[PDB]
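We did not get these values from a lab; they are worked out from the coordinates using the rules stated. Every residue, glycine among them, receives a Cβ derived from its backbone with ideal geometry; neighbour counts consider all protein chains shown.
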2 protein chains.
Amino acid sequence: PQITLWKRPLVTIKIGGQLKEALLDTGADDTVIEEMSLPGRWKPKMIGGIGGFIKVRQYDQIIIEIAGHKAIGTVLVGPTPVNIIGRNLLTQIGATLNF
Amino acid sequence: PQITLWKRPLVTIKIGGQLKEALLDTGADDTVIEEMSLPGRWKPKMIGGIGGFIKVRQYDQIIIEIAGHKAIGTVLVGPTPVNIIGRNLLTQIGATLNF
Ligand SMILES: CC(C)(C)NC(=O)[C@@H]1CN(Cc2cccnc2)CCN1C[C@@H](O)C[C@@H](Cc1ccccc1)C(=O)N[C@H]1c2ccccc2C[C@H]1O
Ligand SMILES: [Cl-]
Ligand SMILES: [Cl-]
């Protein structure tokens, strides 16, 4: 689809068997989801936002369906105020910014 | 252009006669620039992201060029970690996300 930017570009995702709303975020290097369980091993990470850093758990090789499009990649889980689809997964669904 | 997301979507902007690097950020509601001088009066604003909030100075009706495209709109100034072009100006220049 073509998504305009008049409002936040929120879409439905499926991750870990769960449906969530998430933001398509070209400024985000990484994908960051609110607290949930994911399978496999994880390691801690600190990631930096405009207001400082938060501690997250990093899970690799996680499948996500983003507005109907499947992708696999690293997903960070922690106390993010909104669920964020970052560039590591936007690339996989073929998302571009156009003007 | 059509900008892919394999790398950060950094572009050159022009504000106050000077060239700066800035991030095209669909996840940002507003545009916020590192400390610089802008004309006129400012209003207070708090902006929140990952990690919490920062206090910024809001300047309205500022002339700004984004990757060659002319805009006139609200620019926030404050201790942002990187210069960010958000949706208020991305809409002005006609930007969309496409996949
Ligand atoms: C991986 C992670 C998510 C941590 N990345 C970011 O937060 C980066 C940080 N850099 C910076 C960085 C920090 C440390 C190291 N390298 C880089 C600047 C750009 N952000 C990306 C932003 O798009 C993230 C959004 C998230 C958000 C959206 C809505 C509500 C809450 C949080 C963001 O912070 N957006 C906010 C935002 C942004 C600008 C202006 C106004 C507003 C309000 C709000 O829309
Ligand atoms: Cl990845
Ligand atoms: Cl591509």
Problem set entry | Among (1) out of contact with any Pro (no Cβ under 7 Å at 6 or more places or on another chain); (2) within 15 Å of ligand 1 (Cβ to nearest atom); (3) among the aliphatic types (A, V, I, L, M); (4) over 15 Å from A:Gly86 (Cα atoms) - the single one A:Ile54 does not satisfy | (1)
For this session: Output the residue which, of all residues in the stretch A:42-67 that are away from ligand 3 (no atom under 16 Å from the Cβ) and under 29 Å from B:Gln92 (Cβ atoms), is surrounded by the most Cβ atoms within 10 Å (Cβ to Cβ).
Result: A:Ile50
For this session: Give the residue that is farthest from ligand 1 (Cβ to nearest atom), with candidates limited to residues of the stretch B:5-38 that are assigned to a loop (DSSP other than H, G, I, E, B) and under 11 Å from the mean Cα position of the chain (by Cα).
Result: B:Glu34
For this session: Check A:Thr91 against each of (1) more than 14 Å from B:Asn98 (Cα to Cα); (2) within 16 Å of ligand 1 (Cβ to nearest atom) and name the one condition it does not meet.
Result: (1)
Problem set entry | Of all residues in the stretch A:47-99 being closer than 20 Å to A:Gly17 by Cβ and of a type in the set (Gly, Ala, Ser), the one that is farthest from the other protein chains (Cβ to nearest Cβ) | A:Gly73
For this session: Could you list all residues from the stretch A:71-98 that are in contact (Cβ under 8 Å) with a residue 40 or more places away in the chain and hydrophobic (A, V, I, L, M, F, W, C)?
Result: A:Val75, A:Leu76, A:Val77, A:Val82, A:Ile84, A:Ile85, A:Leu89, A:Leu90, A:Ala95, A:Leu97
